[PDB]
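Student: The structure follows.
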Amino acid sequence: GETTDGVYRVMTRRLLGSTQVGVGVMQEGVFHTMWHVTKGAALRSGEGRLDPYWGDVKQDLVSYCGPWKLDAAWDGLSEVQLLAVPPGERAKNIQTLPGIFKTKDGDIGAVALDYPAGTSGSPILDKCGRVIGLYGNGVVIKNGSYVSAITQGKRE
Amino acid sequence: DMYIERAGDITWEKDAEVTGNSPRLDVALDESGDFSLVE
Ligand SMILES: NS(=O)(=O)c1ccc2ncsc2c1
């Protein structure tokens, strides 16, 4: 199967035609995505198979073939880029200054960008090209617009 | 049955389209991983 680093679409043929349910990042031989995209199911890459290695519904993250490898964090000051991969559309970088999700357990970066549900798992990057988190888990604020957390895992 | 297809490299694009605001929101996270607004 294809194991080259980069961004990948998560597809399914169970519904009508081929549908894009999400996006993920392949880094250091490990595929990283959001839990709600795959629900922890096995994945296919050509003739190869990827099995879930670690996952957590509350964090809304899952890794395949090995432990979570992404550890870069937003610095709290600089603009970032969502590397949006929309269903049936070419990958595109959108630059933005993240807002903040204030929680009882600390603050998290948030990106106010609106994309179809099948874009969940698209990486959010810093100026060095490092993945600081995945797009796709957030909230709908007054007016109907979407704001996603910058969801990052822990590297053991 | 789910499959993956490569979509590109992960690189920063100089002169990318700049959009989106920076809202500061009070949110709560439940055990199901769902975010919600606090008031
Ligand atoms: N099911 S969900 O709440 O994770 C969701 C909903 C809308 C949406 N819009 C862009 S990414 C995305 C994800």
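Following Swiss-Prot, chain A residues are numbered 1514-1669, in order.
For this deposited structure, the header notes the method as X-ray crystallography, 1.8 Å.
Just so you know, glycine gets a Cβ as well, placed from its N, Cα and C.
Annotations for this protein, taken from Swiss-Prot, read as follows:
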type     : residues : note
ACT_SITE : A:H1549  : active site, charge relay system
ACT_SITE : A:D1573  : active site, charge relay system
ACT_SITE : A:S1633  : active site, charge relay system
Student: Once the chains shown are all counted, how many other Cβ atoms turn up within 10 Å of the Cβ of A:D1573 (active site, charge relay system)?
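Tutor: Taking all protein chains shown, A:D1573 (active site, charge relay system) has 25 Cβ neighbours within 10 Å.
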Student: Could you state the whole-number distance in Å separating the C-alpha atoms of A:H1549 (active site, charge relay system) and A:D1573 (active site, charge relay system)?
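Tutor: Rounded to a whole number, the Cα-Cα distance is 7 Å.
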Student: Quick one: pull the CA-CA distance for A:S1633 (active site, charge relay system) versus A:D1573 (active site, charge relay system), whole Å only.
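Tutor: A:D1573 (active site, charge relay system) has its Cα 11 Å from the Cα of A:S1633 (active site, charge relay system).
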Student: Let me know the DSSP-derived helix, strand or coil state of A:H1549 (active site, charge relay system), please.
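Tutor: Note: A:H1549 (active site, charge relay system) is helical by DSSP.
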Student: Quick check: in three-state DSSP terms, what is A:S1633 (active site, charge relay system)?
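Tutor: The residue in question, A:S1633 (active site, charge relay system), is coil (DSSP, three-state).
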Student: At a 10 Å cut-off from the C-beta of A:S1633 (active site, charge relay system), count the other C-beta atoms across all protein chains.
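Tutor: A 10 Å sphere around the Cβ of A:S1633 (active site, charge relay system) contains 27 other Cβ atoms.
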Student: Using all protein chains in view, find how many other C-beta atoms are within 10 Å of the C-beta of A:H1549 (active site, charge relay system).
Tutor: 20
